[PDB]
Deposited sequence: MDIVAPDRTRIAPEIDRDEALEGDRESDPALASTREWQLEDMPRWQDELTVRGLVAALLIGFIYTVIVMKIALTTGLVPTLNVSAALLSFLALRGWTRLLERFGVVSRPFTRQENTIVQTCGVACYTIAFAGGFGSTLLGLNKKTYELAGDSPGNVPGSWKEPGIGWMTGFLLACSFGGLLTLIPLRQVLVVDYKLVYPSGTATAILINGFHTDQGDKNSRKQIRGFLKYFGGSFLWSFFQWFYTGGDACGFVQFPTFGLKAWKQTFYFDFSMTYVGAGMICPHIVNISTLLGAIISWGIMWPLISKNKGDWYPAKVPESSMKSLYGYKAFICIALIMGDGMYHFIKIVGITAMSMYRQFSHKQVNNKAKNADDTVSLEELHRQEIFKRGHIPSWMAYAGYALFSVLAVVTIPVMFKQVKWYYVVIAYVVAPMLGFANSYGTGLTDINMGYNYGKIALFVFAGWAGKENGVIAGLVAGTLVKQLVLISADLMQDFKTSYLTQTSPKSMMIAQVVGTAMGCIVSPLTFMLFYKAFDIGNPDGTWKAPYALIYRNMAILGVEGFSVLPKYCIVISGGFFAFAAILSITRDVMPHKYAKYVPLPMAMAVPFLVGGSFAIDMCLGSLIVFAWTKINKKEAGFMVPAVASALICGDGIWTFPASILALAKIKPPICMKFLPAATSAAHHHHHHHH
């Protein structure tokens, strides 16, 4: 109630949200490769408030103690502010509504002349306010099921909680000193390792990140080992079945399926169209991946509904969904006003499957630490574009894809904060207040921050500094999506439906068999992540589990309490370097050297 919600925290979150919005917005409008900055926000939240308390002590002013619960509140409030900058599709979808992006796509069916909208402070802020708080209300019922009931470990949320607890621990114990000193040795090593790596990533696909540890043939199949301590640290605190399932999905997809499907580059799909398109080999990637996720996701979401339905029949949960319905109606009557191309029942369907789609992403983030929310928006954009003809089809796909992405992406990114608050013993109700305040500030700061860049500079020029590549890429997705499911490659629906059932069978197979065999069943939607990202992420995850397996065998006692600290330090050290690395890209300081790997030419 108090000592967590403060005025200095409100001020500190507003600044940290403002700079991080500027960093995210500038990176989004130049390269579109927005990095993860949640770990950095926790550190700057600590330094800013600790500096303020000590500075006032220097001047004689006395202040309240700055505790870990308050640090969690400030970090969560700040994260919610700048998440809207990249979750709102400011560089991908909302910028694709430009007349400039409309002209770049060219003349084609679907791209009718009335498919452009210009940015403005008035409608972009009003667009965000109605839609952004929809994700927050769904978090209240999901918080109990996922964070504590399913015991999902959010590796980034767990690492941030251990980082924050270390900042504020003041007790001298036999283990507390060993936890901090072990954390600091690997935090500095991970930070310096990431700092050293930066000087050699000075080109397209070159550096320690693109390291062909098993050869160049395997590397082209995304079966290498990048020297990423984030994924190695993530795998250390993930259960072995999650890591093995991740490797199993990489072998099935990139080792078997994609070479086999690619053998029909002229028969099943056209060979002139580039890959990464919905028409050539990426329709398989995107639709099979979601079917695996939705196949597992639908089984689980029904199970909570079924368990709850039986419980009520035998006899604050409905408070949240009542509030969600109120915000649902607000968007239904408001979004079509801004976009005459968007019909009212499009929003209703978007807000009905949003609890469904948000649950799967939060469950997926709680397993593999990978937020897939922007992948859901691509599917929703494609589907909603096919739900309208050549008229009002591109705008409908872009706008409806933005709603689905925000509801899905916000839910997963902000459950990482509830895992952090769970470990820091922070009050959930004070967490939700920080949710709304940060979201409210984000829905205001981000549109004005975007417009200051937009009015001053020239964003969207293919030949220029401020080029937003994903504005046109998302625009071309909607143009392609105007044509219905016919443009998908041959047998794309059939195989996706098969993997939908295959994911559902594994989910049943794990809950019906005894626990003495249930622990060997792979998780279908941990398998699905390596369908879009390569197998390098899977290999890093399995290396971390290999480290923990060996460590547990060598010393059972020490590995019990030291693995989380070492894993968090690896995640935080790579996470903290993302802030100086972003400032370097902010000032256009490129790496000097490129570490290229060649076939002994």
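Unmodelled regions of the deposited chain sequence (numbering from residue 1, in sequence order): 1-44, 360-392, 679-690.
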